[PDB]
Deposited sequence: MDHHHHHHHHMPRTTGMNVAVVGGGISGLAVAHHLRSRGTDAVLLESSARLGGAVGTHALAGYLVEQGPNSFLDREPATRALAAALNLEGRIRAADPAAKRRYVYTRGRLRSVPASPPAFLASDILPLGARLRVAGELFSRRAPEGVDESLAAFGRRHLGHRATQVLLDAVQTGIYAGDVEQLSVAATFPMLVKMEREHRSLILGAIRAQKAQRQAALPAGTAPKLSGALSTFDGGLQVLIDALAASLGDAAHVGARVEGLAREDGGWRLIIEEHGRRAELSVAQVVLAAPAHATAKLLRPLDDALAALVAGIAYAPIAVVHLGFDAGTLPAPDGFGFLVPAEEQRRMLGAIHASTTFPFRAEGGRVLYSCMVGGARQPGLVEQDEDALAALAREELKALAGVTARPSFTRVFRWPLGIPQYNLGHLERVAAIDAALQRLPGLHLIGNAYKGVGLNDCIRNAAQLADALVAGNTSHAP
């Protein structure tokens, strides 16, 4: 009858909520003093600043179903007035990322032969057979070297803070690999997909717009916390589990307690879930423990109204070949004007990632100085900030590197030999908010069986 959920980030919260909304009592245990995990918005100095995540793409049904179940649909906010441009630092300046194929062919984002080579994606050679090919290898084959170096590397940085040479395209971009399987060429697949839809409606159509909530993504967290209420325990570290069924040893209020449930859902990060799995299956815990994370810091810089202009666009990204100490920045106030009061301008700068993890081990003063130097060199920002807030995440973002899918497949096969045990979270089948929520609901539905 009962389920324990371990971990209270978006995945754990969404699993417990979906179980309870279908009449399965779930208890959730969070080791921290607060729910949310990576998600957290802070009201400071006239800003709403985001701990980690800033937005979701309003294209996932599960996230809309969850907002509806939580009476949040009217609190969903779209991606700013202007602010539809993306920039990439390449060849000495911030350069606008073209949004259409005709704008791309006329653009200076890449040299002429390299743009012509992107059009030659029509003639892409077959994928290597039976090979878990990298993102960078995938790009060279489809796009050319220049487009991969600067453009695909940028896209990858904004989502995973990873290494383009190490990421599995099949794990990181399932839909690109599927289109490749069906159509070889991505351009061909798109032409054909447009033909298909243009040949022949109850619920409203999802815009795919870059979205958040009126008070940040904290609104979603506060709402899950209020929905679960007593069923979700804060400052409850799980330090053991074993068969009996399933018994959890919990450390709440500085003391030991025990809990007995029919089924356990582990929604903690790979390193923490591996620690719990070790006494049950050493080989399984090693698989789980082998999932790499990339460290990441966010440096928020607030500016008094008038001291600099409002930066155009959602933000910018910087390719690894540029050999810079910053990954990119939002443009938080341009994108979402409600997250800053009285004309104040907020940048949220991202530092670290897979290729420079050591920068995240620096102190906040040094990270703020780094962000200011880089923002000067790349964006031309000379003004002095009146606000500074640094968050460091050095358990960082899961890296779906070569061999990831076969790892997760072997993680799944080991879980079958352990009835009533289940994994969920950003480590396995999707890093983003939307993936976590969709995967969370899908597990919850399958448990009521």
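No alpha-carbon coordinates exist for the deposited sequence positions 1-16, 217-220, 265-266, 472-478, given here in order along the chain.
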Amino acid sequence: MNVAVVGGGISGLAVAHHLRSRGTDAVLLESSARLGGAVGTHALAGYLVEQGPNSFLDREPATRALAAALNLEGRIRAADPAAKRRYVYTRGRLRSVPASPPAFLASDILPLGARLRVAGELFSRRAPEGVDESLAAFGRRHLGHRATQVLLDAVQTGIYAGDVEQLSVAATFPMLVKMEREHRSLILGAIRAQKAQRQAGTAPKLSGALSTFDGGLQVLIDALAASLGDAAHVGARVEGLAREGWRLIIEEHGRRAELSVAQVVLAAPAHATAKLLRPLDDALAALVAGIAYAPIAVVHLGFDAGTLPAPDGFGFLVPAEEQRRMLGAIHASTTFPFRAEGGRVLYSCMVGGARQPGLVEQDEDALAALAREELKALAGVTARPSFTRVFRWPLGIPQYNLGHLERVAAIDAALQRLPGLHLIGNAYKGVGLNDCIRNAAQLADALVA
From here on, numbers count along this sequence of modelled residues.
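The question of which stretch, 151-159 or 305-313, has the higher mean Cα B factor is settled in favour of 305-313. Higher mean CA B-factor, judged across 221-229 and 161-169 from the recorded values: 221-229. For the set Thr90, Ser124, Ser134, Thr202, the maximum C-alpha B-factor listed in the entry falls on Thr202. Residue set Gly139, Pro295, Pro81, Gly120: peak C-alpha B-factor at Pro81 (per PDB entry). Among all modelled residues in this chain, the alpha-carbon of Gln197 has a temperature factor (C-alpha) in the highest third.
When all modelled residues of the chain are sorted by CA temperature factor, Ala69 is found within the middle third.
Annotation for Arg243: C-alpha temperature factor in the highest third relative to the rest of the modelled chain, per the entry. Per the PDB record, residue ranking by Cα B-factor puts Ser260 in the highest third of the chain. Split the chain's modelled residues into thirds by C-alpha temperature factor. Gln399 is in the lowest one.
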